[PDB]
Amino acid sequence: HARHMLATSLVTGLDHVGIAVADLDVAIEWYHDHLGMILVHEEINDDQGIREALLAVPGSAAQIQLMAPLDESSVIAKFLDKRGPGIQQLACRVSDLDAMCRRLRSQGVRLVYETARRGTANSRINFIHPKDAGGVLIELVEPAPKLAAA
């Protein structure tokens, strides 16, 4: 029971799975109707150039993040144009993003950002450089304390 295993990293679980979709509105209803997922949150990431919908999966702490491009400069536009909709990122929840990123760089692994950016719900995020992880995009997510938002 991995919920009862002591960790060896600063990873505390899976934050979300990011899925690039064509039309976000139809996708939200489809995931809700057929899988019972619930639209918990919706927002624009201007930094990343995407429109996102956060779906809760009742019984589980990990979310499904549906993503659609805001414009063609989006990281999601590239993905969608080359292969259409698909699973585009795996996001690990982390307790100290700074600490893990320093540790990763000490281990020879590149990160995409010098400084964390803001993800969904004003979380702080970085990415392992995808070419260090063999084309897989791994995001590291530190949720912000609710006070920090205010």
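In this text, residue numbers run from 1 along the sequence as written.
Trainee: Looking at the entry, does 42-50 or 23-31 show the higher mean C-alpha B-factor?
Mentor: Going by the record's values, the stretch with the higher mean is 42-50.
Trainee: Of the two stretches 85-93 and 115-123, which shows the higher Cα B-factor on average in the entry?
Mentor: Comparing 85-93 with 115-123, the higher average CA B-factor belongs to 115-123.
Trainee: Would you check the entry's CA temperature factor for residue 64 and let me know if it's in the chain's lowest, middle or highest third?
Mentor: Its C-alpha B-factor belongs to the lowest third of this chain's values.
Trainee: Should residue 57 be placed in the lowest, middle or highest third of its chain by the C-alpha B factor in the entry?
Mentor: CA B-factor rank for residue 57: lowest third.
Trainee: Splitting the chain's C-alpha B-factors into thirds, which one does residue 37 fall into?
Mentor: Lowest third of the chain for residue 37's C-alpha B-factor.
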